[PDB]
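Asker: Next up, query-v5.txt (compact mmCIF, C-alpha atoms (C1' of nucleotides)).
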```
# COMPACT_ATOMS: atom_id res chain seq x y z
CA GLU A 381 36.23 -20.36 4.91
CA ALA A 382 38.77 -21.55 2.25
CA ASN A 383 36.45 -20.18 -0.55
CA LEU A 384 35.12 -16.85 0.99
CA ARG A 385 37.16 -14.81 -1.62
CA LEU A 386 35.87 -16.70 -4.74
CA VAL A 387 32.36 -15.82 -3.43
CA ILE A 388 33.28 -12.08 -3.69
CA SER A 389 34.85 -12.24 -7.21
CA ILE A 390 31.74 -14.02 -8.63
CA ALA A 391 29.10 -12.16 -6.52
CA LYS A 392 30.52 -8.64 -7.00
CA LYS A 393 29.88 -8.95 -10.81
CA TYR A 394 26.11 -9.21 -10.03
CA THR A 395 26.20 -6.55 -7.19
CA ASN A 396 26.61 -3.84 -9.96
CA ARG A 397 23.67 -1.64 -8.69
CA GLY A 398 21.49 -4.87 -9.19
CA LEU A 399 19.81 -4.20 -5.81
CA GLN A 400 22.76 -3.31 -3.46
CA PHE A 401 26.62 -3.41 -3.74
CA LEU A 402 26.74 -5.93 -0.79
CA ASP A 403 23.99 -8.47 -0.09
CA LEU A 404 24.50 -10.97 -2.97
CA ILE A 405 27.98 -11.92 -1.51
CA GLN A 406 26.31 -13.10 1.74
CA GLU A 407 23.68 -15.14 -0.19
CA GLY A 408 26.59 -16.70 -2.19
CA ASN A 409 28.10 -17.58 1.24
CA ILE A 410 24.89 -19.71 1.80
CA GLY A 411 24.84 -21.21 -1.77
CA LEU A 412 28.41 -22.29 -0.84
CA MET A 413 26.80 -24.55 1.87
CA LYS A 414 24.97 -26.78 -0.73
CA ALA A 415 28.21 -26.76 -2.79
CA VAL A 416 30.38 -27.83 0.21
CA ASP A 417 27.78 -30.54 1.07
CA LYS A 418 27.65 -32.04 -2.56
CA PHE A 419 31.41 -31.46 -3.40
CA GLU A 420 31.95 -34.54 -5.67
CA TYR A 421 35.79 -34.16 -6.06
CA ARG A 422 35.34 -37.96 -6.74
CA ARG A 423 34.36 -37.07 -10.38
CA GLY A 424 37.77 -35.30 -10.76
CA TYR A 425 36.71 -31.65 -11.36
CA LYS A 426 37.60 -28.49 -9.34
CA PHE A 427 35.80 -26.16 -6.85
CA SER A 428 36.38 -23.17 -9.22
CA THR A 429 34.02 -24.89 -11.74
CA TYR A 430 31.64 -25.91 -8.90
CA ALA A 431 31.34 -22.20 -7.91
CA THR A 432 30.98 -21.09 -11.59
CA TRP A 433 27.81 -23.27 -11.81
CA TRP A 434 25.97 -23.63 -8.44
CA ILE A 435 27.26 -20.68 -6.36
CA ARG A 436 26.86 -18.30 -9.36
CA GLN A 437 23.14 -19.25 -9.66
CA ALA A 438 22.63 -18.93 -5.87
CA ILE A 439 24.09 -15.39 -6.39
CA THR A 440 21.70 -14.87 -9.41
CA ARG A 441 18.56 -16.05 -7.53
CA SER A 442 19.50 -13.89 -4.46
CA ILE A 443 17.80 -10.92 -6.25
CA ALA A 444 16.01 -12.66 -9.21
CA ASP A 445 12.81 -13.52 -7.22
CA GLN A 446 14.20 -13.08 -3.66
CA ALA A 447 13.86 -9.44 -2.34
CA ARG A 448 11.40 -8.48 -5.21
CA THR A 449 7.74 -7.38 -4.94
CA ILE A 450 6.83 -10.42 -7.11
CA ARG A 451 7.96 -14.07 -7.59
CA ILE A 452 7.03 -16.78 -10.16
CA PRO A 453 8.38 -20.23 -11.29
CA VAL A 454 11.89 -19.26 -12.46
CA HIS A 455 11.65 -19.98 -16.24
CA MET A 456 8.88 -17.26 -16.17
CA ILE A 457 11.20 -14.86 -14.19
CA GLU A 458 14.33 -15.01 -16.38
CA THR A 459 12.28 -15.22 -19.67
CA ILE A 460 11.34 -11.52 -18.97
CA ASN A 461 15.15 -11.01 -19.00
CA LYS A 462 15.61 -13.09 -22.25
CA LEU A 463 13.44 -10.32 -23.85
CA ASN A 464 15.64 -7.51 -22.34
CA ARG A 465 18.77 -9.47 -23.55
CA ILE A 466 17.23 -9.76 -27.13
CA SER A 467 16.33 -5.98 -27.09
CA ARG A 468 20.11 -5.29 -27.65
CA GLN A 469 19.49 -6.07 -31.36
CA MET A 470 16.08 -4.28 -31.59
CA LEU A 471 17.40 -0.89 -30.32
CA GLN A 472 20.00 -0.80 -33.20
CA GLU A 473 18.64 -3.04 -36.06
CA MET A 474 15.11 -1.52 -36.18
CA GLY A 475 17.23 0.96 -34.39
CA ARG A 476 15.27 4.12 -33.34
CA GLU A 477 12.68 2.83 -30.80
CA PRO A 478 11.73 -0.79 -29.72
CA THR A 479 8.73 -2.57 -31.39
CA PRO A 480 7.06 -5.84 -30.09
CA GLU A 481 6.22 -6.49 -33.80
CA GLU A 482 10.00 -7.08 -34.41
CA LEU A 483 10.28 -9.19 -31.20
CA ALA A 484 7.63 -11.54 -32.73
CA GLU A 485 10.09 -12.56 -35.56
CA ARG A 486 13.06 -12.59 -33.05
CA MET A 487 11.02 -15.09 -30.91
CA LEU A 488 9.08 -16.85 -33.79
CA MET A 489 5.93 -16.58 -31.54
CA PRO A 490 2.60 -14.62 -31.19
CA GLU A 491 2.73 -11.56 -28.85
CA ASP A 492 -0.22 -12.65 -26.61
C1' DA B 1 43.79 9.96 44.53
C1' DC B 2 41.13 12.51 42.09
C1' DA B 3 39.51 16.94 39.96
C1' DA B 4 38.57 20.07 36.06
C1' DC B 5 41.16 22.77 33.46
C1' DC B 6 44.38 24.43 29.10
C1' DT B 7 44.17 23.47 24.14
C1' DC B 8 42.22 22.60 19.43
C1' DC B 9 40.10 16.71 18.68
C1' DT B 10 35.69 15.05 16.17
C1' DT B 11 31.25 14.20 16.58
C1' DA B 12 26.46 15.59 14.91
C1' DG B 13 21.90 17.98 16.00
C1' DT B 14 18.87 21.23 13.68
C1' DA B 15 17.85 24.57 9.20
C1' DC B 16 10.14 28.81 8.80
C1' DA B 17 5.48 28.96 5.44
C1' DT B 18 1.32 28.55 1.72
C1' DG B 19 0.61 26.94 -3.40
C1' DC B 20 0.82 25.30 -8.70
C1' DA B 21 2.91 22.73 -12.68
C1' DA B 22 4.83 17.23 -14.66
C1' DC B 23 6.12 12.76 -17.38
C1' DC B 24 7.09 7.77 -14.98
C1' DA B 25 12.42 4.94 -17.43
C1' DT B 26 17.17 1.67 -15.71
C1' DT B 27 19.49 -3.78 -14.92
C1' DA B 28 20.64 -8.95 -16.79
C1' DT B 29 20.85 -13.21 -14.84
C1' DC B 30 22.71 -19.74 -19.18
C1' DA B 31 16.70 -21.61 -16.08
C1' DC B 32 18.91 -24.30 -18.56
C1' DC B 33 15.43 -29.31 -19.66
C1' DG B 34 14.32 -33.30 -17.58
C1' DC B 35 10.01 -35.55 -15.80
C1' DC B 36 4.92 -36.21 -15.66
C1' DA B 37 0.93 -34.32 -14.10
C1' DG B 38 -4.18 -35.04 -13.84
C1' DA B 39 -4.12 -32.61 -18.05
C1' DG B 40 -4.26 -31.20 -22.81
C1' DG B 41 -6.35 -32.93 -26.84
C1' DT B 42 -10.36 -35.08 -29.33
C1' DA B 43 -13.04 -38.98 -30.44
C1' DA B 44 -17.54 -40.81 -29.63
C1' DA B 45 -22.55 -39.75 -26.49
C1' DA B 46 -24.10 -37.30 -22.77
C1' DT B 47 -26.76 -32.24 -21.84
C1' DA B 48 -29.99 -32.35 -25.33
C1' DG B 49 -29.18 -28.59 -30.17
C1' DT B 50 -28.47 -26.63 -34.37
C1' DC B 51 -30.72 -24.23 -38.62
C1' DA B 52 -32.14 -25.81 -43.00
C1' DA B 53 -36.12 -27.67 -45.08
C1' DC B 54 -41.07 -26.75 -46.05
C1' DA B 55 -44.21 -25.08 -44.27
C1' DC B 56 -46.36 -21.71 -41.31
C1' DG B 57 -48.17 -16.97 -40.10
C1' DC B 58 -47.65 -12.28 -38.99
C1' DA B 59 -45.93 -7.34 -38.59
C1' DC B 60 -44.52 -3.56 -40.46
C1' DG B 61 -43.93 0.00 -43.55
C1' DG B 62 -44.83 2.49 -47.80
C1' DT B 63 -47.85 3.82 -51.02
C1' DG B 64 -52.10 5.74 -51.48
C1' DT B 65 -56.19 8.54 -49.89
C1' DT B 66 -58.19 11.01 -46.63
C1' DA B 67 -58.47 14.26 -42.76
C1' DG B 68 -57.85 18.58 -40.32
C1' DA B 69 -54.86 21.59 -38.85
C1' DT B 70 -52.29 25.49 -39.24
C1' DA B 71 -50.38 29.72 -41.11
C1' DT B 72 -51.54 32.54 -43.88
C1' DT B 73 -54.55 36.20 -45.39
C1' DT B 74 -58.02 39.51 -44.12
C1' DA B 75 -60.25 42.85 -40.78
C1' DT B 76 -61.79 43.97 -36.78
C1' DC B 77 -61.03 45.61 -31.84
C1' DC B 78 -58.75 47.56 -27.66
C1' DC B 79 -55.08 49.33 -25.19
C1' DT B 80 -51.93 52.39 -25.62
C1' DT B 81 -49.54 56.72 -26.85
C1' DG B 82 -48.47 61.51 -26.36
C1' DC B 83 -49.99 65.97 -25.12
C1' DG B 84 -52.60 68.87 -22.25
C1' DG B 85 -55.40 70.95 -18.42
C1' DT B 86 -55.02 71.69 -14.13
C1' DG B 87 -54.70 68.35 -10.46
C1' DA B 88 -54.46 68.22 -3.24
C1' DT B 89 -49.64 66.58 -3.99
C1' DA B 90 -45.10 67.57 -0.86
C1' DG B 91 -44.94 68.71 3.52
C1' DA B 92 -45.44 73.12 6.57
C1' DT B 93 -48.36 74.25 9.42
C1' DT B 94 -52.58 74.05 12.46
```
Represent the structure of the file as structure tokens.

Answerer:
Amino acid sequence: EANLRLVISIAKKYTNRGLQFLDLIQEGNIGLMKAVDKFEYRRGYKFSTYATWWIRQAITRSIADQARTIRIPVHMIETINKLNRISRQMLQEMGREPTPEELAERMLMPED
DNA sequence: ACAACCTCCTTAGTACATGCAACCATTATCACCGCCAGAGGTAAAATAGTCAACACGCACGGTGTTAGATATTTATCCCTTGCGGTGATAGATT
């Protein structure tokens, strides 16, 4: 209850058309349960930082592989999104259309 | 005591029919990297084998000659033309 607002200010970032303007807040409100259970204030650190790690990634996963058509081990989910993040160079440095042939040097790896 | 009635309140339930043409994108979001699985790698030997050696041995294809077929040439024959003589049709009657 004391943290229900911090769940909005983190979650609402990700609700940006992502799947809906709403639902990620309520999944953050369940990530907050694991956070409240493992709240090691006995290290010294603050619940702001706790939320910035754990509750943020509960908010991320709430529509990463949850609510999709498809779901995989998570390294192989967000790696598809590493490529979309890298494409921000491609679309302006090769800079007319995207080319997997450029992505091969930007990943140092074979396409297949 | 209730009853519906005066007024504009808002709510929200629908919006006819047949057909053809077009192509299928946008998001970001640390997945972290730690562990170890059976599990990737590969050495040495099972399930068994390569292809080079020297033999083996054969088929196929091209060069040569032969064969006979075919398309020409020739000339014959028939079926056809066009006109003509005169046909019994068309059909009205018996």

Asker: Within 9 Å of chain B, which residues of chain A show up when using only C-alpha atoms (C1' of nucleotides), listed as number ranges by chain?

Answerer: A: 394, 396-398, 437, 440-441, 444, 454-459, 461-462, 464-465

Asker: Please produce an output containing C-alpha atoms for each residue in the selection, written as a compact mmCIF listing (two decimals), keeping the file's coordinate frame.

Answerer:
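Result file out-v2.txt:
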```txt
# COMPACT_ATOMS: atom_id res chain seq x y z
CA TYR A 394 26.11 -9.21 -10.03
CA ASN A 396 26.61 -3.84 -9.96
CA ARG A 397 23.67 -1.64 -8.69
CA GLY A 398 21.49 -4.87 -9.19
CA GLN A 437 23.14 -19.25 -9.66
CA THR A 440 21.70 -14.87 -9.41
CA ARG A 441 18.56 -16.05 -7.53
CA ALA A 444 16.01 -12.66 -9.21
CA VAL A 454 11.89 -19.26 -12.46
CA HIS A 455 11.65 -19.98 -16.24
CA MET A 456 8.88 -17.26 -16.17
CA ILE A 457 11.20 -14.86 -14.19
CA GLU A 458 14.33 -15.01 -16.38
CA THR A 459 12.28 -15.22 -19.67
CA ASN A 461 15.15 -11.01 -19.00
CA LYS A 462 15.61 -13.09 -22.25
CA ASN A 464 15.64 -7.51 -22.34
CA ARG A 465 18.77 -9.47 -23.55
```

Asker: Can you pull out every residue within 12 Å of residue A:409, counting all atoms listed in the file, but drop anything in the same chain fewer than 6 positions away, and send it as a list in words?

Answerer: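 Listing them by chain and then by number gives residues 381, 382, 383, 384, 385, 386, 387, 388, 390, 391, 402, 403, 415, 416, 431, 434, 435, 436, 438, 439 and 442 of chain A.
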
Asker: For atom CA of residue A:449 and atom CA of residue A:491, determine how far apart the two atoms are, in Å to one decimal place.

Answerer: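 So the two atoms, atom CA of residue A:449 and atom CA of residue A:491, lie 24.8 Å apart.
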
Asker: Between atom CA of residue A:484 and atom CA of residue A:472, what distance in Å does the model show, to one decimal?

Answerer: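 Computed distance, atom CA of residue A:484 to atom CA of residue A:472, equals 16.4 Å.
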
Asker: Let me make sure I understand: among A:428, A:468, A:399, A:476, which one has the smallest atom-to-atom distance to residue A:445 if we use all atoms listed in the file?

Answerer: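 Under the stated criterion, the closest residue is A:399.
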
Asker: In Å, rounded to a single decimal, give me how far atom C1' of residue B:24 is from atom CA of residue A:448.

Answerer: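 If I compute the distance from atom CA of residue A:448 to atom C1' of residue B:24, I get 19.4 Å.
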